[PDB]
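Chains as they are written, first to last, in the authors' numbering: chain C, 220 to 401; chain B, 17 to 384; chain A, 664 to 727, 749 to 840, 859 to 885, 890 to 962, 972 to 1032, 1134 to 1322; chain D, 101 to 130, 166 to 187, 259 to 378, 400 to 477, 489 to 523, 534 to 564; chain E, 545 to 564.
Every residue gets a Cβ at the ideal spot worked out from N, C-alpha and C, and that includes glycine.
Comments concern the structure below.
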Ligand SMILES: [Zn+2]
Ligand SMILES: [Zn+2]
Ligand SMILES: [Zn+2]
Ligand SMILES: [Zn+2]
Ligand SMILES: [Zn+2]
């Protein structure tokens, strides 16, 4: 319903939108900090402070649900058209080694942040009870506050042309041609 | 000087054609050959038929997959190569015709054999007008070019020569050649091109090179309608400074015909003498020479200009009358060995060119 | 000397919207975000036109890679692809990180091609047809030669022939015939020879047609500024244009009395302009005979009085100042325009005359097969008849009306190689000059101003007071809105200076 | 003997007839030879290397090759598929959309709630809040990510392009009228040379081109700022008299705050006005995107102190 | 801006006293 995403995270999301759809860049996968790492750090850092058994167990339930939902829906609604080529290459390389793909162990911290932006639009097309909609929204808001606190160690400003440790990589003319032409 | 001059010409190069409405035709070379044979320049030159190149020779620059695609693509089976066509840019601009692989092999073999003859010392001037395709860059076909034979020839020259200079006088920037040697400091590229909303899109005044090849690429952006005097006043000081502060061991010169007046796609206002003055002046330095023919889409103008440049390379100046070649009717009104500059307006100004030259000289200060 | 510096910079920039950005840059540096190089570069772009403030700035703050805009950098994983032939040296000198891809450098917007007139398109179409014929004929001829060699060898370079046979045989039988050939050659050879004969006949006839088409279009193609010169001259030869030019020069000068400077290096072009003017006046059916004689006499008298050329030599072929209004200035500008164009034509007289007279003809096929005297049958080919005088005679023909504009333009194009396109509107410029002279003589204010001009000029020996009273006397007849021109003339070298006093005399 | 050979040429003719008499009337008025080369071509092989259902994709909404379903009129791209299908590795079988197969195979409208509650109880042990969403995602077709229309609209200077790309406020013979204001009639004075240099119709060579920057409307000469041509297709040209908005400090990156709609745009003024360690987000006269008010008179002090400090540390 | 002049004079005198 009413999700209060902080202004800085909104700016980060619009910056990612610009970087992918305009500058023709993709994510440097596998990410240095995947969804699993940041979610586990959040759970370890926060749940140790809570004392209520319900408040401490529902945090773990929410984290597991977020991991499962990310795994289910990243390949369905979390990728632009340009990034589908990276997904296809990852799938091919994974099937080469008989390993099933685990997106929560590959993508990180910027596809999760774009996962919780359509959650108000995702819940609306369900039969969810209003007493749990508020719980989901409040848990997401708490997670967003924690993420905003730790914002300089998951979204850094680094240039692909000056550092190979940047979060974004340029796409070759062949890559862009295959992705957006075929 | 009266240098020994090699001359490479495969008689089959003119039998390959692009689309019907395409502005690029290899047939021009054929007509150029006529103007060279009927002027009696064969008694002054040694004519060789260079061995066509092989896949592994083209793979010194291009990827194996690109060459594998080139050697099997055919207008009969293009529907079986859809991902390859969009990946390698072998669609509408650079199309697929009957003899694509054979034409590319002929051009590459000519360029590499000319470089080899320069290496061994059999000559000090090599001429291959089937080459000059300077737009393809290692994995894709750009600007009607599929194989960068200039890169192969320069690679061959680097084996025996420490440094190589590459000079481009086509209206389009030498994107493929500059990209191929944008990091090394052993192949210095210098391109005089029309920069604006023009096809290359690249080649600005601040594209001097990256890494060890910093300040080893020279871009001269010019406005439309430049004439012989202005082009000379830009070309001569820049090339002299390059030869002074860089000292190449060999020179390669792409004599594109787009700079000529009346070109289909070009916008420059150079005459036949204004375009052969560059070749003559650069030849006047005394270092080993390779000359290749790139752009040019008005067949008669480029054919006559190429014949004039070959004559100049053979230290003789040709007469204006035509010797009754086979393709006589092409030469229109008075059948003279001349190309008329138009009265179009020239936009380049002394202040702009002074600024560009000052920038280029400041960049070139760190090459000696 | 620092708060004064800030005041001086604020005054010099002279715009709040730019001073705000200057302050934004200064603050951006002040918060340890900008380095010295970019700060000095921006201050050079702002105050660098000055040499006092910027130099003190550089000597006061103790000032004492370069990545290109078109080159990206690729990841290392997107670099190593199999390149079989690439040796160690071929590995060290090649670059695999940076790519250009002109789509990126065009901002995904594309490119703008050149604009070509329809005559160039006609030439391109002719060339396309010629190339089609020659390509097909030569390919078929080469295949014929190869089959002839094989046939000669059978009495007891891998796709050209296949393409030729496929083009010749269109019933989808061509593959069968090629396969039969690979394992029946004479029939293919004779069919190819018959096709060659047909194609060469068609090529001969179409070559005739192409030649006669190219003859009437080739020279118009190089006439870039000549094709648009009529409309451009009609638009750009108005009074407002000349006023704008002189006012712009005045404005540029004031931001630091000789706004315009014309030099007259000849004295016989005046006679040619007179001949053209009297030809038009005699021909025009828009003035009565007394008016025609008045115009002729006024023109001759005015030029004789101005340039001090002669009074009788014109009829048989000290520093002065004229205070003028708009009409006189525009009339003088028309005169100077015509004189400049004619002088430009006259300067290259010897070179063009030598080129036309020493015009070689090729004996191999021109004089033997194809003779083209289209422009020579009409006598407009400049044989003898020194090109300046021939051009004058043709201009007289055009003004009279017995020479069409098309053939006049074609003659000028052929005789001058499209270097005499400014004579395309000689008749209209002369007509405008005559109209302006008539307006100069039919208006009371201009008539009285030129009467004062005649009196002062014929005085020829005056004190310093004249420049005042003359102006005042002229200002007695000018209004409080129109503009004033001070046409200074030095007869000693025939040089005319023009100054623009719009309203700076009140 | 084949008769279909004469199809067409560029001449619009079967390449066998002739001048096309209409074209005749349109386009009329009323040192030895080359057969010697083959015996003089010495083959050179001394190379050193000689010894070697609709027109739009239902996921991304763009144009391209499509793989449509026979039962659902919704065409899909190949990369716009989960998982992507390589065109060479065709499935060669009955292909349906995710929604199409869901509605054609498991279409139990009167008993779907049983499957929903079965999934709910299967996920109830560990994750009950996300169970409904986990069940629901399988009922939807693959889609392309899009910002949900409220992340976009919090920044007013951001818009969506045609295919969904990101656009900003930087998306965009002798001519004497380009030097006229065209609004007031005054000549456009170039910032650097302080001249218009209109030239003249007699001598167009004396004219210099002028540009009139898009952002601040200051006119510039194409020869004053070194620039080959104008700007007509790319982004809006920006004069060199603007703030960088992107600085690479020596590496580190600095950016200017994006513009925020005025409803949420908070403002604040410091009470110190002597020295403030703040970013380049100022205004000349949720607490993360504030716009400080720098109080111009302060800058004159501020800058000075810094350079004076730089004058002392470098002195020693 | 007179107080600015006073500040500049006093601060500069202090700097020169520092470098006595
Ligand atoms: Zn070119
Ligand atoms: Zn799609
Ligand atoms: Zn379906
Ligand atoms: Zn300027
Ligand atoms: Zn601006």
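Cβ contact annotation for residue 972 of chain A (same chain, cutoff 6 Å, sequence separation greater than five): 1315, in chain order. Distance between residue 194 of chain B and residue 215 of chain B, taken at the CA atoms: about 16 Å. Relative to the non-hydrogen atoms of ligand 4, the Cβ of residue 292 of chain C never comes closer than 7 Å to any of them. According to the DSSP assignment, residue 939 of chain A belongs to the alpha helix (DSSP H) that extends over 935-942. At least one CB of chain A lies nearer than 8 Å to the CB of residue 105 of chain D. At least one CB of chain B lies nearer than 8 Å to the CB of residue 930 of chain A. Under the three-state reduction of DSSP output, residue 249 of chain B falls in the helix class. Around the beta carbon of residue 173 of chain D, a 10 Å sphere encloses fewer than 16 other beta carbons of the protein chains shown; the residue is thus reported as exposed. Under the criterion of beta carbons closer than 8 Å, residue 953 of chain A and residue 804 of chain A do not qualify as touching, at roughly 39 Å.
In this structure, the C-beta of residue 305 of chain D approaches ligand 3 to less than 7 Å from one of its heavy atoms. In the same chain as residue 114 of chain D, and ignoring 5 residues on each side of it, the C-beta atoms closer than 6 Å to its own belong to 106, in chain order. Assignment of residue 356 of chain B by DSSP, reduced to helix, strand and coil, places it in the coil class. A contact is defined here as three or more CB-CB pairs under 8 Å, and the stretch 220-238 of chain B fails this definition with respect to the stretch 461-472 of chain D. Look at residue 1231 of chain A here: in three-state DSSP terms it is helix. Per DSSP, the beta-bridge partners of residue 1312 of chain A are A:977 and A:1305. Taking all protein chains shown into account, residue 414 of chain D has 16 or more neighbouring C-beta atoms within 10 Å of its C-beta and is therefore buried.
By the Cβ neighbour-count rule, residue 860 of chain A is exposed, with fewer than 16 other Cβ atoms within 10 Å of its own.
Of the residues C:233, C:355, C:298 and C:281, the one whose Cα lies closest to the Cα of residue 351 of chain D is C:298. Here the alpha carbons of residue 290 of chain C and residue 321 of chain C stand approximately 7 Å from one another. For residue 308 of chain B, the enclosing beta strand (DSSP E) starts and ends at 305-308. Scanning A:988, A:756, A:941 and A:696 for the CA closest to the CA of residue 390 of chain C turns up A:756. A check of alpha carbon separations from residue 787 of chain A across C:227, C:223, C:376 and C:243 identifies C:243 as the nearest. Annotation for residue 263 of chain C: no beta strand (DSSP E) segment contains it, though the alpha helix (DSSP H) segment containing it runs 254-266. Residue 53 of chain B belongs to the set of residues whose beta carbon lies under 8 Å from a beta carbon in chain D. For residue 43 of chain B, the residues of chain A that pass the 9 Å Cβ criterion are 815, 818, 819 and 822, in the order they occur in the chain. Residue 192 of chain B places its beta carbon less than 8 Å from that of residue 152 of chain B. Taking a cut-off of 8 Å on C-beta distances, the stretch 170-178 of chain B touches the stretch 131-145 of chain B, as three or more cross pairs fall below it. When Cβ-Cβ separations below 8 Å define contact, residue 753 of chain A makes no contact with chain C.
Around the Cβ of residue 705 of chain A, a 10 Å sphere holds 16 or more other Cβ atoms; the residue is buried. Using a CB distance cut-off of 8 Å, residue 873 of chain A counts as an interface residue toward chain D. The secondary-structure analysis by DSSP pairs residue 502 of chain D with nothing; it has no beta-bridge partner. Following the DSSP letters along the chain, one finds residue 235 of chain B inside the beta strand (DSSP E) bounded by residues 233-238.
Within the stretch 335-359 of chain D, the runs of alpha helix (DSSP H) at least 4 residues long that lie entirely inside it are, in chain order, 337-343. In chain order, 759 make up the part of chain A whose C-beta sits under 7 Å from the C-beta of residue 388 of chain C. Any Cβ of chain D closer than 8 Å to the Cβ of residue 1221 of chain A would place that residue at the interface, and such an atom is absent. At a cut-off of 8 Å between beta carbons, residue 756 of chain A contacts chain C.
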